[PDB]
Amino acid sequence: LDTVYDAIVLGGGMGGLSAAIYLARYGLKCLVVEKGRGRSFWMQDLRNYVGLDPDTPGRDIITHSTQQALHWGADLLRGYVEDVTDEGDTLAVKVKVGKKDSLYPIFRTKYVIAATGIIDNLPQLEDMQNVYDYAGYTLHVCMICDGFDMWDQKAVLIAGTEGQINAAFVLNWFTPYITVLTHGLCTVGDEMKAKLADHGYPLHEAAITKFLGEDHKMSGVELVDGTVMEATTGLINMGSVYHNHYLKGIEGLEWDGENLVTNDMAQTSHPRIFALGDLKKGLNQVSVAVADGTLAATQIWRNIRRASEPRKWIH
């Protein structure tokens, strides 16, 4: 009944587990809520993170850091965050527990760390397994992450909107051999079609029917209109769904598009809510998310420490 957590970490991914590790090692009472199978879970090769081999899967990191978090004293709840509500001095966090016959317990806490990230939109094919066979292997979702591994390859840019097609003029740094596929989504305007033609990047607007290859290595793409092309890699640039629905009930949050605006310690405009990694305005990388968790946990500790009574040595 009375039990109030010092902080509840929403999402047990890269940024969340870092925050959880620090929170527990600051002697604070914290809870991690993880639904499972998040974005980092679909990462097959973490390419650019100090200390880890460049073929480490995200799932192995999640397993490692979850055990570490528990080892230091964090609590873990496997469930789905539904809503966060403001009770003034504390926040209330409702969690869906159980996929079938679910229970919706409510937890109270001094602080919330929003670390639930995003999930990339994928092209909808008749059988999504054809996409999963390559997505995260040779079909990439993050240019910073895998650009080097695409160098001078024949690539496809899968982009739904005119703003998403503009990535071709950054991706060309890594390879000029870009073919744009709209997957039959928004029609391309004349001004953009002329720019692509001026750069030499072919454009195909027919819906994609199948990705060709074997052993997770792309070899080509086929469209509904019979078009067939050769390509050994690609970039998905179709936007993302943001895992921030539980914040509907919170007032006073400041946004930059779909991203939360945070200060240097990853604090939102709401004094008791922090936001990490892919949810916040800034670069979307593992290293950046882990550091956000470090700073958020440290700011929370500083708040709680400075409001507590000094621990004196009684003689």
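A residue's number is simply how far along the shown sequence it sits, counting from 1.
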| item | value |
| --- | --- |
| Of 179-187 and 240-248, the one with larger mean CA B-factor | 179-187 |
| Residue, from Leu276, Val286, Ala69, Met43, that the PDB entry assigns the highest Cα B-factor | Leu276 |
| Residue, from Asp149, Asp133, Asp120, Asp83, that the PDB entry assigns the highest Cα B-factor | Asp133 |
| Lowest, middle or highest third - CA B-factor, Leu77 | middle |
| Ranked C-alpha temperature factor of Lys29 among modelled chain residues, by third | middle |
| Ranked C-alpha temperature factor of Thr116 among modelled chain residues, by third | lowest |
| Ranked C-alpha temperature factor of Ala307 among modelled chain residues, by third | highest |
| Relative C-alpha B-factor of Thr232, binned into the chain's lowest, middle or highest third | middle |
